[PDB]
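Engineer: Just passing along the structure, written as structure tokens.
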Amino acid sequence: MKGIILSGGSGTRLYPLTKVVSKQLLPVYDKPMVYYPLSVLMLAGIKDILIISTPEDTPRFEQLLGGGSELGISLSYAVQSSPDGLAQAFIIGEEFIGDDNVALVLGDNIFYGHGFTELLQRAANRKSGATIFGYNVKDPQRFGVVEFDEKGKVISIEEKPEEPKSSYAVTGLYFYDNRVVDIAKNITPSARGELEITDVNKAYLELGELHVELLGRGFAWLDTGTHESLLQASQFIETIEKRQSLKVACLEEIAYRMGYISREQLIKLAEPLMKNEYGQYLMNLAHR
Ligand SMILES: Cc1cn([C@H]2C[C@H](O)[C@@H](COP(=O)(O)OP(=O)(O)OP(=O)(O)O)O2)c(=O)[nH]c1=O
Ligand SMILES: Cc1cn([C@H]2C[C@H](O)[C@@H](COP(=O)(O)OP(=O)(O)OP(=O)(O)O)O2)c(=O)[nH]c1=O
């Protein structure tokens, strides 16, 4: 399975922080926002990843993250000229995807919880159908909404319904089989001028293979949409990290724990960073 991080958009609510740059370049506590969804693709076992952003921001992502080699993965880059919808990721990414399965994660989504790595690897290892991830939120009408029965079978999925049929938002992480490319090429813009991921997911519902993994109350799916929520998200990460000795979405750590790089390679990443706490964390990990 390949992975795409869709990381453009407008971030207009965050102005002036986004006057020049895209929101996913901004900090969430101690690392750029985009580290968090990239870490999720990596934990899923995905090592070939395309990052899509605006014409002006795609090079900024590339200057931050590089080509992947030092994390033992492959990062590629492509441009989305206008934010004409999430489903456009599969069109821009058609060549990249080829005949493979592909996961899509949004560059501003932050997932954290016990047992998540197992759920990701399960989804990434499926060879047919779509997996989406549902989360109980206060205001479901603001989101794609997934309705399911007592057995966990999807009944419906609607984009910002007037009268939400459940409390479960569909989060910005999706795993698809290769049918997604031609599905995306065949949907049409919604009223709001967007090629909708909800329409992609409707197509898999109709195909009888839309699977939902319900993230329970013990999971965190953090909002980065406003100044207030961004700050809350930062405080959340700080609190987890302070108590334990452990960082959330430390890319180099994940690359080592996933076996993408060796202990020797980790040591070599840590060395030039030894003046700061991040490098020291990496070296402590190498030492144990
Ligand atoms: C619709 C769309 C979203 N996005 C991404 C960017 C983010 O990672 C995520 C959210 O983007 P948006 O859907 O643009 O929402 P926003 O919160 O960035 O904008 P605003 O504050 O102005 O309401 O989806 C794209 O990259 N391209 C697109 O075509
Ligand atoms: C291993 C690892 C996990 N994570 C994230 C993924 C999940 O959101 C969260 C928990 O990771 P998991 O791998 O799900 O670990 P866990 O809490 O299940 O504990 P264990 O399996 O050790 O009993 O931490 C990182 O950010 N970096 C990492 O190196």
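Going through the structure tokens in order, the chains are called A, B, and so on, while each chain numbers its residues from 1 and the ligands are numbered from 1 in the order shown.
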Hey, which bits of region 216-261 of chain A sit within 7 Å of region 105-116 of chain A, and for each residue what's the closest pair of atoms and how far apart in Å (one decimal), counting only C-alpha atoms, rows by chain and increasing number, as JSON lines?
Structural biologist:
```
{"residue": "A:218", "atom": "CA", "partner": "A:113", "partner_atom": "CA", "distance": 6.7}
{"residue": "A:219", "atom": "CA", "partner": "A:113", "partner_atom": "CA", "distance": 4.7}
{"residue": "A:220", "atom": "CA", "partner": "A:112", "partner_atom": "CA", "distance": 5.1}
{"residue": "A:221", "atom": "CA", "partner": "A:111", "partner_atom": "CA", "distance": 4.6}
{"residue": "A:222", "atom": "CA", "partner": "A:110", "partner_atom": "CA", "distance": 5.4}
{"residue": "A:224", "atom": "CA", "partner": "A:108", "partner_atom": "CA", "distance": 6.5}
```
Engineer: Can you spit out the residues from that selection as a compact mmCIF listing (two decimals), in the first residue's frame, using N, CA, C and O atoms?
Structural biologist:
```
# COMPACT_ATOMS: atom_id res chain seq x y z
N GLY A 218 -11.52 6.44 24.26
CA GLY A 218 -10.14 6.46 24.77
C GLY A 218 -9.16 6.98 23.72
O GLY A 218 -7.99 7.13 23.99
N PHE A 219 -9.65 7.22 22.49
CA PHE A 219 -8.78 7.81 21.43
C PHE A 219 -8.96 9.29 21.43
O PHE A 219 -10.06 9.80 21.65
N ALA A 220 -7.88 9.99 21.06
CA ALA A 220 -7.90 11.41 20.78
C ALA A 220 -7.80 11.68 19.27
O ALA A 220 -6.95 11.10 18.58
N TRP A 221 -8.73 12.44 18.77
CA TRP A 221 -8.67 12.96 17.37
C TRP A 221 -8.82 14.48 17.43
O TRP A 221 -9.88 15.02 17.71
N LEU A 222 -7.68 15.18 17.33
CA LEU A 222 -7.58 16.55 17.83
C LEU A 222 -7.86 17.51 16.70
O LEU A 222 -7.42 17.30 15.57
N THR A 224 -7.35 20.87 14.65
CA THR A 224 -6.35 21.94 14.49
C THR A 224 -6.93 23.12 13.72
O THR A 224 -6.18 23.89 13.15
```
Engineer: Produce as a PyMOL selection string the set of residues near ligand 1, where near means within 9 Å with only C-alpha atoms and all ligand atoms considered.
Structural biologist: chain A and resi 5-15+22-24+34+52-54+80-89+105-109+172+194-196+224-226
Engineer: Next, dump the selected residues to file, keeping only C-alpha atoms, as a compact mmCIF listing (two decimals), in the first residue's frame.
Structural biologist:
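And here's out06.txt as it stands now:
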```txt
# COMPACT_ATOMS: atom_id res chain seq x y z
CA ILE A 5 -0.81 13.12 2.64
CA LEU A 6 -3.17 15.75 1.29
CA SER A 7 -1.74 18.93 2.80
CA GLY A 8 -2.96 22.10 1.01
CA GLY A 9 -6.28 23.87 1.52
CA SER A 10 -6.89 27.46 2.78
CA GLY A 11 -6.54 27.51 6.60
CA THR A 12 -8.27 30.85 6.41
CA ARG A 13 -9.57 30.56 9.97
CA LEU A 14 -5.94 30.62 11.18
CA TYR A 15 -5.07 33.96 9.58
CA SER A 22 -0.14 26.39 4.89
CA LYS A 23 -1.44 25.38 8.35
CA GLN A 24 0.26 21.99 8.33
CA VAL A 34 2.52 17.40 9.37
CA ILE A 52 0.40 17.01 -2.06
CA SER A 53 0.13 20.69 -1.25
CA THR A 54 -0.27 24.15 -2.86
CA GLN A 80 -2.68 20.70 -6.13
CA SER A 81 -3.37 23.93 -8.04
CA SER A 82 -6.65 24.71 -6.23
CA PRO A 83 -8.34 23.05 -3.29
CA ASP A 84 -11.04 21.49 -5.46
CA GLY A 85 -11.71 18.58 -3.05
CA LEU A 86 -10.12 15.63 -1.18
CA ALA A 87 -10.93 13.22 -4.01
CA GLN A 88 -8.57 15.16 -6.25
CA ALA A 89 -5.70 13.52 -4.35
CA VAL A 105 -4.49 11.09 5.34
CA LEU A 106 -5.09 14.78 5.77
CA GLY A 107 -2.04 16.82 6.68
CA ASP A 108 -3.86 18.52 9.59
CA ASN A 109 -5.24 15.40 11.34
CA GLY A 172 -9.42 12.36 7.74
CA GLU A 194 -15.58 20.07 -4.47
CA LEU A 195 -14.81 16.51 -5.53
CA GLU A 196 -16.01 15.00 -2.20
CA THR A 224 -6.35 21.94 14.49
CA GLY A 225 -8.92 24.17 12.78
CA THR A 226 -8.89 27.27 15.07
```
Engineer: I need the residues in region 16-171 of chain A that are alpha helix (DSSP H) according to DSSP; give them as an MDAnalysis selection string.
Structural biologist: chainID A and resid 35:43 58:65 89:92 94:97 116:124
Engineer: Counting only C-alpha atoms and all ligand atoms, what residues are within 12 Å of ligand 2, given as a PyMOL selection string?
Structural biologist: chain A and resi 31+35-45+110-121+215+218-222+237+240-241+244-259+281-282+285
Engineer: Would you put the residues from that selection into a file with N, CA and C atoms, as a short mmCIF file (atom, residue, chain, number, x, y, z; two decimals), in the first residue's frame?
Structural biologist:
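Saved result, selection_16.cif, follows:
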```
data_model
loop_
_atom_site.label_atom_id
_atom_site.label_comp_id
_atom_site.auth_asym_id
_atom_site.auth_seq_id
_atom_site.Cartn_x
_atom_site.Cartn_y
_atom_site.Cartn_z
N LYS A 31 6.69 19.85 17.40
CA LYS A 31 7.04 19.43 16.05
C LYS A 31 6.00 19.91 15.07
N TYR A 35 4.13 16.26 10.85
CA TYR A 35 4.77 15.06 11.44
C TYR A 35 3.69 14.06 11.90
N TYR A 36 2.61 14.58 12.47
CA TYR A 36 1.59 13.69 13.09
C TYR A 36 0.87 12.74 12.09
N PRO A 37 0.27 13.28 10.99
CA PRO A 37 -0.23 12.30 10.00
C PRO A 37 0.87 11.47 9.27
N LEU A 38 2.04 12.04 9.02
CA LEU A 38 3.11 11.25 8.40
C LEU A 38 3.44 10.06 9.32
N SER A 39 3.47 10.31 10.63
CA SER A 39 3.83 9.23 11.60
C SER A 39 2.80 8.13 11.49
N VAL A 40 1.54 8.50 11.23
CA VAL A 40 0.43 7.52 11.15
C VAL A 40 0.57 6.58 9.92
N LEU A 41 0.94 7.16 8.77
CA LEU A 41 1.21 6.33 7.60
C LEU A 41 2.40 5.41 7.86
N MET A 42 3.44 5.93 8.51
CA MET A 42 4.60 5.12 8.79
C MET A 42 4.28 3.94 9.72
N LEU A 43 3.50 4.22 10.77
CA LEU A 43 3.08 3.16 11.74
C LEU A 43 2.20 2.13 11.08
N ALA A 44 1.48 2.53 10.03
CA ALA A 44 0.66 1.59 9.26
C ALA A 44 1.48 0.64 8.39
N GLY A 45 2.77 0.87 8.30
CA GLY A 45 3.60 0.06 7.49
C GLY A 45 3.79 0.60 6.08
N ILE A 110 -4.69 14.77 13.60
CA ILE A 110 -3.83 14.26 14.68
C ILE A 110 -4.61 13.22 15.45
N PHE A 111 -4.16 11.97 15.31
CA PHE A 111 -4.81 10.82 15.96
C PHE A 111 -3.82 10.36 17.05
N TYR A 112 -4.34 9.96 18.21
CA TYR A 112 -3.46 9.38 19.24
C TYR A 112 -4.25 8.42 20.13
N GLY A 113 -3.78 7.20 20.27
CA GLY A 113 -4.35 6.29 21.33
C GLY A 113 -3.71 4.93 21.42
N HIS A 114 -3.94 4.29 22.57
CA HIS A 114 -3.51 2.95 22.77
C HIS A 114 -4.09 2.04 21.69
N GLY A 115 -3.25 1.21 21.13
CA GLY A 115 -3.77 0.19 20.22
C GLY A 115 -3.94 0.70 18.79
N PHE A 116 -3.60 1.97 18.54
CA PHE A 116 -3.87 2.54 17.20
C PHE A 116 -3.00 1.85 16.16
N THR A 117 -1.75 1.55 16.51
CA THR A 117 -0.80 0.99 15.54
C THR A 117 -1.33 -0.35 14.98
N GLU A 118 -1.86 -1.19 15.86
CA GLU A 118 -2.54 -2.42 15.41
C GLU A 118 -3.72 -2.17 14.43
N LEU A 119 -4.55 -1.16 14.71
CA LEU A 119 -5.70 -0.81 13.84
C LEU A 119 -5.21 -0.35 12.46
N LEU A 120 -4.17 0.50 12.47
CA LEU A 120 -3.57 1.00 11.20
C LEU A 120 -3.03 -0.15 10.36
N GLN A 121 -2.27 -1.03 10.99
CA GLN A 121 -1.66 -2.10 10.24
C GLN A 121 -2.70 -3.06 9.72
N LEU A 215 -13.34 4.56 16.44
CA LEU A 215 -12.41 4.96 17.46
C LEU A 215 -13.20 5.38 18.73
N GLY A 218 -11.52 6.44 24.26
CA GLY A 218 -10.14 6.46 24.77
C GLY A 218 -9.16 6.98 23.72
N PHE A 219 -9.65 7.22 22.49
CA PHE A 219 -8.78 7.81 21.43
C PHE A 219 -8.96 9.29 21.43
N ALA A 220 -7.88 9.99 21.06
CA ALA A 220 -7.90 11.41 20.78
C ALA A 220 -7.80 11.68 19.27
N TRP A 221 -8.73 12.44 18.77
CA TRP A 221 -8.67 12.96 17.37
C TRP A 221 -8.82 14.48 17.43
N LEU A 222 -7.68 15.18 17.33
CA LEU A 222 -7.58 16.55 17.83
C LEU A 222 -7.86 17.51 16.70
N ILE A 237 -0.50 17.18 23.54
CA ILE A 237 0.72 16.51 23.30
C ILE A 237 1.75 16.78 24.43
N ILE A 240 1.00 14.45 27.46
CA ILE A 240 1.37 13.04 27.21
C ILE A 240 2.89 12.89 27.29
N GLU A 241 3.61 13.81 26.66
CA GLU A 241 5.05 13.64 26.53
C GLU A 241 5.81 13.86 27.83
N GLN A 244 5.44 10.59 30.45
CA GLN A 244 6.10 9.38 29.97
C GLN A 244 7.47 9.73 29.47
N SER A 245 8.28 8.78 29.13
CA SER A 245 9.46 9.35 28.55
C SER A 245 9.47 9.46 27.07
N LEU A 246 8.29 9.66 26.49
CA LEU A 246 8.06 9.24 25.11
C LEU A 246 7.37 10.29 24.29
N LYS A 247 7.79 10.38 23.02
CA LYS A 247 7.33 11.44 22.16
C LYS A 247 6.26 10.90 21.23
N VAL A 248 5.30 11.76 20.89
CA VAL A 248 4.29 11.41 19.90
C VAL A 248 4.78 11.88 18.53
N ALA A 249 4.83 10.95 17.57
CA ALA A 249 5.07 11.28 16.15
C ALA A 249 6.48 11.79 15.93
N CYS A 250 7.42 11.19 16.67
CA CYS A 250 8.85 11.40 16.39
C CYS A 250 9.25 10.48 15.24
N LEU A 251 9.41 11.08 14.05
CA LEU A 251 9.58 10.29 12.81
C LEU A 251 10.74 9.31 12.87
N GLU A 252 11.87 9.76 13.42
CA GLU A 252 13.08 8.96 13.38
C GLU A 252 12.90 7.75 14.29
N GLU A 253 12.27 7.98 15.44
CA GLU A 253 11.91 6.90 16.36
C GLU A 253 11.05 5.85 15.67
N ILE A 254 9.99 6.31 15.03
CA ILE A 254 9.09 5.40 14.34
C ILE A 254 9.80 4.63 13.25
N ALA A 255 10.70 5.29 12.52
CA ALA A 255 11.41 4.61 11.46
C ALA A 255 12.28 3.49 12.06
N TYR A 256 12.86 3.75 13.22
CA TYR A 256 13.68 2.71 13.86
C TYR A 256 12.80 1.55 14.43
N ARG A 257 11.72 1.90 15.12
CA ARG A 257 10.84 0.87 15.73
C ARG A 257 10.16 0.00 14.65
N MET A 258 9.92 0.59 13.47
CA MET A 258 9.31 -0.13 12.35
C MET A 258 10.33 -0.94 11.56
N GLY A 259 11.61 -0.77 11.90
CA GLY A 259 12.68 -1.47 11.19
C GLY A 259 13.03 -0.87 9.81
N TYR A 281 16.84 12.69 22.74
CA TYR A 281 15.77 11.67 22.81
C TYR A 281 16.07 10.52 21.86
N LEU A 282 16.46 10.87 20.64
CA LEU A 282 16.82 9.86 19.67
C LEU A 282 17.99 9.02 20.16
N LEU A 285 16.96 6.62 22.86
CA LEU A 285 16.29 5.48 22.24
C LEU A 285 17.27 4.48 21.62
#
```
Engineer: Show me, as an mmCIF file with C-alpha atoms, in the first residue's frame, the residues that have an atom within 12 Å of residue 169 (chain A) when counting only C-alpha atoms, minus same-chain residues fewer than 2 positions from it.
Structural biologist:
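Result file follows (result-v7.cif):
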```
data_model
loop_
_atom_site.group_PDB
_atom_site.id
_atom_site.type_symbol
_atom_site.label_atom_id
_atom_site.label_comp_id
_atom_site.auth_asym_id
_atom_site.auth_seq_id
_atom_site.Cartn_x
_atom_site.Cartn_y
_atom_site.Cartn_z
ATOM 1 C CA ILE A 132 -12.726 4.696 7.284
ATOM 2 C CA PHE A 133 -12.349 5.723 10.919
ATOM 3 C CA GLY A 134 -15.318 7.059 12.888
ATOM 4 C CA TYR A 135 -15.146 9.292 15.969
ATOM 5 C CA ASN A 136 -17.880 10.391 18.374
ATOM 6 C CA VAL A 137 -17.989 14.206 18.260
ATOM 7 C CA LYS A 138 -20.169 16.916 19.767
ATOM 8 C CA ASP A 139 -21.252 18.523 16.462
ATOM 9 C CA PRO A 140 -21.557 15.733 13.843
ATOM 10 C CA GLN A 141 -23.275 18.084 11.350
ATOM 11 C CA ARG A 142 -19.911 19.781 10.781
ATOM 12 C CA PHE A 143 -18.420 16.555 9.374
ATOM 13 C CA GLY A 144 -18.929 13.584 7.128
ATOM 14 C CA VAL A 145 -21.248 11.389 9.219
ATOM 15 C CA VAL A 146 -21.256 7.579 9.266
ATOM 16 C CA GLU A 147 -24.368 5.685 10.415
ATOM 17 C CA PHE A 148 -24.007 2.020 11.314
ATOM 18 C CA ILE A 157 -22.644 8.139 5.018
ATOM 19 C CA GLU A 158 -23.525 11.802 4.501
ATOM 20 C CA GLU A 159 -21.572 15.026 4.093
ATOM 21 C CA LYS A 160 -22.523 17.544 6.841
ATOM 22 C CA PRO A 161 -26.124 16.348 7.107
ATOM 23 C CA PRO A 164 -27.081 13.826 11.305
ATOM 24 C CA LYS A 165 -28.103 10.159 11.450
ATOM 25 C CA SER A 166 -25.460 9.494 14.074
ATOM 26 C CA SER A 167 -22.856 11.088 16.343
ATOM 27 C CA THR A 171 -12.115 11.359 10.301
ATOM 28 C CA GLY A 172 -9.422 12.357 7.744
ATOM 29 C CA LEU A 173 -7.810 8.956 7.340
ATOM 30 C CA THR A 198 -17.871 11.407 0.988
ATOM 31 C CA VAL A 212 -15.747 1.519 9.561
ATOM 32 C CA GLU A 213 -13.361 1.293 12.525
ATOM 33 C CA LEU A 214 -14.972 3.118 15.410
ATOM 34 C CA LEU A 215 -12.412 4.955 17.463
ATOM 35 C CA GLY A 216 -13.737 4.877 21.035
ATOM 36 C CA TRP A 221 -8.671 12.964 17.370
#
```
Engineer: Find, counting only C-alpha atoms, the residue in A:242, A:202, A:263, A:217 that gets nearest to residue 180 (chain A).
Structural biologist: A:202
Engineer: Would you mind telling me which residue in A:62, A:182, A:57, A:271 lies nearest to residue 99 (chain A) when using only C-alpha atoms?
Structural biologist: A:182
Engineer: Near residue 223 (chain A), within 7 Å and counting only C-alpha atoms, which residues show up once chain neighbours fewer than 6 positions away are dropped, as a PyMOL selection string?
Structural biologist: chain A and resi 229-230+233
Engineer: Could you write those residues out with C-alpha atoms, as a short mmCIF file (atom, residue, chain, number, x, y, z; two decimals), in the first residue's frame?
Structural biologist:
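Wrote part_18.cif, looks like this:
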```cif
data_model
loop_
_atom_site.label_atom_id
_atom_site.label_comp_id
_atom_site.auth_asym_id
_atom_site.auth_seq_id
_atom_site.Cartn_x
_atom_site.Cartn_y
_atom_site.Cartn_z
CA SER A 229 -8.14 24.19 19.15
CA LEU A 230 -4.56 24.34 17.89
CA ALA A 233 -3.91 20.18 20.69
#
```
Engineer: Which one of A:123, A:25, A:46, A:200 sits closest to residue 72 (chain A) if you count only C-alpha atoms?
Structural biologist: A:46
Engineer: For a quick check of understanding, using only C-alpha atoms, which of A:279, A:94, A:260, A:239 has the smallest distance to residue 68 (chain A)?
Structural biologist: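 When distances to residue 68 (chain A) are compared using only C-alpha atoms, the smallest one comes from A:260.
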Engineer: I need the residue nearest residue 186 (chain A) from this list: A:64, A:49, A:273, A:203. Use only C-alpha atoms for the distance.
Structural biologist: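 With only C-alpha atoms as the atom set, the closest residue is A:203.
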Engineer: What gap, in Å, lies between CA of residue 100 (chain A) and CA of residue 78 (chain A)?
Structural biologist: 17.9 Å
Engineer: Write out as a compact mmCIF listing (two decimals) with C-alpha atoms, in the first residue's frame each polymer residue whose atoms come within 7 Å of residue 175 (chain A), counting only C-alpha atoms; drop sequence neighbours fewer than 4 positions from it.
Structural biologist:
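File result_8.txt, as written:
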```txt
# COMPACT_ATOMS: atom_id res chain seq x y z
CA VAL A 102 -3.46 3.59 -1.28
CA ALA A 103 -4.26 5.31 2.01
CA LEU A 104 -5.06 8.99 2.24
CA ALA A 123 -6.39 -1.49 7.63
CA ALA A 124 -3.24 -1.15 5.53
CA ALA A 130 -12.25 0.80 2.02
CA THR A 131 -11.64 1.42 5.69
CA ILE A 132 -12.73 4.70 7.28
```
